[PDB]
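Alright, here's a single protein chain in two forms, structure 1 and structure 2, each given by itself as structure tokens.
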Structure 1
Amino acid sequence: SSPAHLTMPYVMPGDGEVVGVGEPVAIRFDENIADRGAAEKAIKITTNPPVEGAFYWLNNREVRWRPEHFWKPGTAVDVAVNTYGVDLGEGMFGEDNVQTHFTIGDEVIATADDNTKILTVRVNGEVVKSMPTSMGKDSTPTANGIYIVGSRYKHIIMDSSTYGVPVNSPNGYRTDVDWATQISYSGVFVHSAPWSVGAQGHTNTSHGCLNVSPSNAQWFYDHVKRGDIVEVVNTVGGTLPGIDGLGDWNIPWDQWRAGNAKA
């Protein structure tokens, strides 16, 4: 198989998953797609209850599809990527078809307000939990906007070595973190921060992550799922880029729906 001439699609969420109301459909190709319009035409997304949605490309290989507003809980989504033998541009053909079926679970929206420094978790519109947080310092602030819950980790190592920065160096690090819920590809997590417990709810002290107590971070880890939402408001930061990877909802609908198949 030639990487220039054959490409395989991969769809997320996986088959049979239950995801949050912020989860887009993601179709990722293992090669660059020259004809984005062809790829979009080959993908059929069925929703029940039916809802309008549209495609937007985050990069040369990954397209996302979502509705204008957060999904309605209980919605069933069927995705048919019918790319087998389809010309995806410049002598590049789809290698296979892929399918997924998934459903949307409860609406879970956690709001962090820099005025109160509380992260308030709402489930189907009802407050179920409040937790003190310490967000990014004025000089390294947490960006405002809408974040989608991604991967979670009971334990994770943030290692500078991965970026070529040696651990034993001024900017180097090899850091152990518990109960880490990823909310941006750029590396924003909700996580256990035993080191900032006294500041949580009061003063911002972090590098941009949402520091919470060990117990509250375990709670968060236990009670969220992929596609749930974290909203950050009133920080001195900018807005999370729409093309972060988990920042899809920061792109206004009129921009999203116009797409970038020809842009």
Structure 2
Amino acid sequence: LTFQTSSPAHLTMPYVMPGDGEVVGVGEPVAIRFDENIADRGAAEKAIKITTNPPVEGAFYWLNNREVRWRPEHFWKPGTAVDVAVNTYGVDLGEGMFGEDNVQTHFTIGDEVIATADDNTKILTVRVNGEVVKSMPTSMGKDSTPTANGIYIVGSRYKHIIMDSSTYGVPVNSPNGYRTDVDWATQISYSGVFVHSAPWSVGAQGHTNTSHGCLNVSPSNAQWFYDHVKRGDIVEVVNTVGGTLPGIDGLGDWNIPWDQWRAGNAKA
């Protein structure tokens, strides 16, 4: 090791996901998020070495100035081992910022889990390695607030969570201020789309869209989803009146056409 001089005002640390040793779904990108905006994005990329077994072609794309993603063209093949070496220690990241340390993570791809929410049938169907394991009636976004179509990556899971409209800057005791307690919530977009328990819409699930954009399912189906779906599994939404989920949402990565993703967007 070669020592690098440093100052707490001129250092930035990388954080890698997913965690070391984790088993993730086929949609999980590698994510490296820095604790500061990066000016030399080309230098960061060059510092990161991703190796796969079986080997598959992949590429980097920046979600924003803090976070870079790497994925293949198509969903991961189950069983794949992925090694990530972020060799940023002492790397000049531009504007006098330097990499603070190296981080190394290793993870594996589990079963192919793909759930399709079809707005034509109002059924959410979960396939594991091509086989249907579960059908759930669902209620998605009403016409004024539709659920976007596209490919969503499963993120965090919560036994209980608060949906508070003021974090979207729209207060309660307001036009639409809500503060709502929700059980068994699985996050599928950074914009705040969740699959979750909705006892208040059980009669509509399978028939009519009534939500603000979330996938409302029954309490027991929502608990099922929470138990059986992991980070990196895929939810595909089709046939809604909405547009397409933004590719830079945070969990929207697969919505970016491969030619654009591969070309990348790194200021070098």
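Please note that residue numbering is based on structure 1, beginning with 1 at the start of its sequence. Think of the rigid core as the biggest set of C-alphas that the two forms share within 1.5 Å after superposition.
- Among the residues 160, 111, 82, 103, the single one whose Cα moves by at least 2 Å between structure 1 and structure 2, once the core is superposed, is 160.
- With the core held fixed between structure 1 and structure 2, residue 125 has its Cα displaced by under 2 Å.
- For residue 171, the Cα coordinates differ by 2 angstroms or more between structure 1 and structure 2 after the core has been superposed.
- Here the rigid core is superposed, and residue 234 then shows its C-alpha moved by 0.3 angstrom between structure 1 and structure 2.
- Its Cα shifted by 1.0 Å between structure 1 and structure 2, residue 6 is reported here after superposition on the rigid core.
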